[PDB]
Ligand SMILES: Nc1ncnc2c1ncn2[C@@H]1O[C@H](COP(=O)(O)OP(=O)(O)O)[C@@H](O)[C@H]1O
Ligand SMILES: Nc1ncnc2c1ncn2[C@@H]1O[C@H](COP(=O)(O)OP(=O)(O)O)[C@@H](O)[C@H]1O
Ligand SMILES: Nc1ncnc2c1ncn2[C@@H]1O[C@H](COP(=O)(O)OP(=O)(O)O)[C@@H](O)[C@H]1O
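Chains as they are written, first to last, in the numbering used here: chain A, 5 to 58; chain B, 46 to 420; chain C, 46 to 420; chain D, 46 to 420; chain E, 13 to 43.
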């Protein structure tokens, strides 16, 4: 039960590790997507302020 | 407590037989696909002693028995031994007689048709079952897992079938079947444990290796890096207790065996492994049916219970897959038993009560009826 | 849902179906003219799954469906599938049963008679509509655009009819029916995409190519100059996402698809293009008609939404037309929806209440009545 | 061993490659389009053993090799393996040096451009061929068949082209190109032979099934009547001897494989079938074209060699075709070799000498020259 | 964000030129 619980604990440590990685990947991907997406598309709307001038 | 003619469900592989009645969420008992027979000359008399032992009986008295498994790569060849297993299964543990209940049996979609015809014939002519239904194992995992859509990768004991299903429909042209299974993994491990100084050849020895594999082995996510440290340090070794009190300590063999599923060349097969067969099934499906199979990588059967497998399979498909697509794996605790559970679900559906072959239909048509009524 | 017995209006061709009630400024719902059917054998039981899918249902589950259009090259041939479309089109989304509401449908004078006869017959005999009218789409585009005079170049999905109207009168001898439409533009594009390594054959693949065309392609004003750059530099290439994660990069092929409208020989048609047909419809009319038709070239229907098409047409027509005279195109944002809008305007005019075929007249005369009453 | 400074001809596809010199009526030899590589670890040394094997070498030593072809449904992707095949074919088997001879290679006119560009480029840049000409397979078929007019069904290993030609002109709007071919028929046969109890997985197993198909499979004149008996009685079964002495007996599966060409759904393909696509190529053409195409259904490539294919195709077309017209199949002994033979004819025609790309022109223009001079 | 600012500026300039153009055409038409 211990080896199994340890497997579960280790599983959870690994699953957590995989998710520590995937949370950071999502933290970095959400970050990067926002950082590039609102920063670029919002910038593109700033550019609209100028693009659509004239 | 069976006061209703519920269908019986029995999933029979090269490895284990899972059986129980429809309506439950688990098999009531597991009969490990076996009929055992003594290989020695008797000296004492009045010792009882059977000509053959079945299921758990074969394992309990295995010290002097040769153990024969009736199913090869998911195909029943020793039908007489399956009758012994089914009689024991249904009457001694489930406490039912098939004569009073519909019975559902299972098999891979490309399993030679003779197998589905014999399963139908045996239950109707030997057990007098009032009705029959041979089910697809891939389907049953999808019911158990809550899916109608996905690639079902049945990495069990016999054969890995790999069949894409979309919205409840088969996409059979995209089936990528492999002669890669749990019984090849055991043989590989017997050979690499021999390399370490622990030879395994005979039946008792084969059973030990199978048990070692199930309890000590894993796949992890990166074979070469896992091997680099497993081959360098005792920190990745694990000990196993052999039946006679001896101890075997296993290092990179702990993962080299499971790795065969990703590297079939380990057992002499010209194949790229289960993650590419899973991926190709997605690829071989229509352009508007791939965006759903990528998001639904579905596990079925055993070996799916190796540590690191849920993430390695999602990772390997993701690596093979194009970007933008979302890749996801379904790997529920109903693992190693999802097919049985699906059998219970299917047998019990109101929409399935017309799918059963009745005994009268069988007697009029014969064994070939299974291809007209089941699949 | 309606507080008056307002007529229902629907523009239903070989491409799409636009529907809503008379008096609005837009269709309430838009569906493709598609009835889908499964092309696979079901494997799982209790999955629902329809025998046929209609409109948006057909596209949503298209991964395993074969998708057919009941209307081809401007004409209904599959009347059974049209009954399913009309029910979905007018009742499932608008919640209005035709039984208590007059219905206005569209075509053109060179559209074979069976189209107008089946449109009228189905709504009267299957939906019991109290009244019917079949309109020329050109009439409706001109009402929507605020005109009585002009050429309506409808460049649709299965046919281009190019119908001239002067001061509210049809000029049928000058209609130029051309065997070049959006469905052929889709076919051209998949062949040129094949030249680049992307072959599209199945229904799903066909629907994807139509999506690529609708979002990536353009006409531009000068194809020789556009090609000189597009064929020389990646700066004019655009990526499209296939729904499986693959990316298709399209270059001068991006305008060579719509270029067919100015080069019908690309699909084997003996024609110089839609600006030639616009020119000829005007040319075939007396000169006192022509001056007003040239000054009012009207875009309606499909393909009018390709960037550069309204301006390309004015340039191509003025290049054929006599000098001094002003050549102009009417191409409002109410493009492609102008036919539906005109239907709303016409159906609701007080003077149009005398233009409806009533059910009593229909029952006495039979299906051919539409030929006596519409135009 | 050749006695003239003639052109070389080589019809190198996804299946097999045929080669000889221009001016003959047959290739000198046919080789599989294969480059083989060892799939096993060597134990003995001084055994020779190549890194790669080509054509007959690849098949002869296949027991320990994994075999691959460079052409994917008609498209070259592995240009390095093409180099190995062309080198061996021209240098060792035709016993010529490409540097001293013009070379003609082949491809469908709708084949992706990279294919024609690499064929032209490799022969000029790695072999230094003095001249090149990528030929249209449909042209070559008509020249071998004694026609200028007809529908060319090259139904090969890779793709079925299906193109109408009239008076030497292409009618491209009517090419009903189809992704249904001999390579799919082989994989289909492997799955149905698995259903019968004879599993095939590996390259050797695939080569065996291909050999079974080529000797035992047929189309039949009537699929429904043929299966009614073949699936019910041993009288229509034919055995095949496997190289290891095992015997496989095949019944209706013997025709189900070729039936796939008429019934594409057998491999998950959405298609009308080769006879309906042939019919549509005829029907898509003008009224004064159709009569000549009905009388001239022209065969080339593999699959045209299945017994009953010429006759089932003529029956399927006459059954769809109008009366008065005489519907005829042209299925000469030059079957499967129609393209190679046509290649010899085209390369040698005096009216074709100006069509050759010279090395000097190639070096000045680059690889894109193939689209200026060939097609 | 849609470039509605210039769908609207376009219309304003379109009107300004259409009016100037109407005048160019009239001014020449008047002879
Ligand atoms: N932890 C594990 N490690 C290795 N293999 C496993 C594990 N769990 C299950 N499997 C294998 O899968 C088999 C049981 O799963 P299953 O797919 O249901 O086989 P079956 O066809 O008999 O029903 C056993 O033979 C076992 O060796
Ligand atoms: N952006 C676009 N680019 C290319 N084609 C378009 C676009 N928008 C609409 N169309 C085409 O509109 C067609 C349907 O037009 P429609 O004129 O309303 O048929 P009809 O009037 O004869 O009933 C479809 O083929 C669709 O591809
Ligand atoms: N007896 C046969 N019956 C049916 N097909 C055959 C037979 N013999 C050879 N073939 C097929 O011929 C094909 C190769 O010939 P071919 O079509 O001329 O090459 P290419 O596509 O370059 O034109 C292979 O698919 C092979 O299986």
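Just so it is clear, CB atoms sit at the ideal spot from N, CA and C, and this is done for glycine as well.
Heavy atom of ligand 2 within 6 Å of residue i beta-carbon
i: residue 202 (chain C); result: yes
i: residue 56 (chain C); result: yes
i: residue 353 (chain C); result: no
i: residue 387 (chain C); result: no
i: residue 28 (chain A); result: no
Check: residue i C-beta below 6 Å from any heavy atom of ligand 3
i: residue 350 (chain D); result: yes
i: residue 117 (chain D); result: no
i: residue 346 (chain D); result: yes
Exposure label - residue i; buried when at least 16 CB within 10 Å
i: residue 364 (chain B); result: exposed
i: residue 357 (chain D); result: buried
i: residue 214 (chain C); result: exposed
i: residue 42 (chain E); result: exposed
i: residue 322 (chain B); result: buried
i: residue 85 (chain D); result: exposed
i: residue 35 (chain A); result: exposed
Paired residues, beta bridge with residue i - DSSP
i: residue 284 (chain C); result: C:294
i: residue 55 (chain D); result: D:64 and D:150
i: residue 25 (chain E); result: None; residue 25 (chain E) has no bridge partner.
i: residue 343 (chain B); result: B:197 and B:375
i: residue 184 (chain C); result: Answer by DSSP bridge pairing: none, since residue 184 (chain C) is not bridged.
Residue i, DSSP secondary structure in three states
i: residue 211 (chain D); result: strand
i: residue 330 (chain B); result: coil
i: residue 137 (chain D); result: helix
i: residue 504 (chain C); result: Not covered by the structure: residue 504 (chain C). The range shown for chain C is 46 to 420.
i: residue 216 (chain C); result: coil
i: residue 117 (chain B); result: strand
i: residue 178 (chain B); result: strand
i: residue 233 (chain C); result: helix
i: residue 36 (chain A); result: helix
i: residue 130 (chain C); result: helix
i: residue 408 (chain D); result: helix
i: residue 369 (chain C); result: coil
i: residue 80 (chain B); result: strand
i: residue 58 (chain A); result: coil
i: residue 264 (chain D); result: coil
i: residue 477 (chain D); result: The structure shown does not extend to residue 477 (chain D), since chain D is modelled only from 46 to 420, so the question has no answer here.
i: residue 289 (chain D); result: coil
i: residue 204 (chain B); result: coil
Proximal residues of chain B, C-beta to C-beta of residue i below 7 Å
i: residue 22 (chain A); result: 356
Partners in chain A for residue i, counting only beta-carbon separations shorter than 9 Å
i: residue 15 (chain E); result: 52, 55 and 56
Contact test: residue i Cβ vs ligand 1 heavy atom, cutoff 6 Å
i: residue 61 (chain B); result: yes
i: residue 227 (chain B); result: yes
Partner residues on chain E for residue i, Cβ-Cβ distance less than 7 Å
i: residue 49 (chain A); result: 13
Within chain D, partners of residue i - CB distance below 8 Å
i: residue 226 (chain B); result: Those within 8 Å of residue 226 (chain B) in chain D number zero; the least Cβ separation is about 13 Å.
Closer than 9 Å at the beta carbon, the chain D residues around residue i
i: residue 157 (chain B); result: 239, 240, 241, 242, 243 and 244
Interface partners of residue i on chain C, CB under 8 Å
i: residue 310 (chain D); result: 84
i: residue 14 (chain B); result: This structure gives no information on residue 14 (chain B), because the portion of chain B shown stretches from 46 to 420.
i: residue 115 (chain D); result: Chain C residues near residue 115 (chain D): none, gap ~16 Å exceeds 8 Å.
Neighbour list for residue i in chain A, Cβ cutoff strictly below 8 Å
i: residue 72 (chain B); result: Result: empty, since nearest Cβ-Cβ is about 20 Å, beyond 8 Å.
Proximal chain B residues relative to residue i, where beta-carbon distance stays under 9 Å
i: residue 236 (chain D); result: 155, 217, 218, 220 and 222
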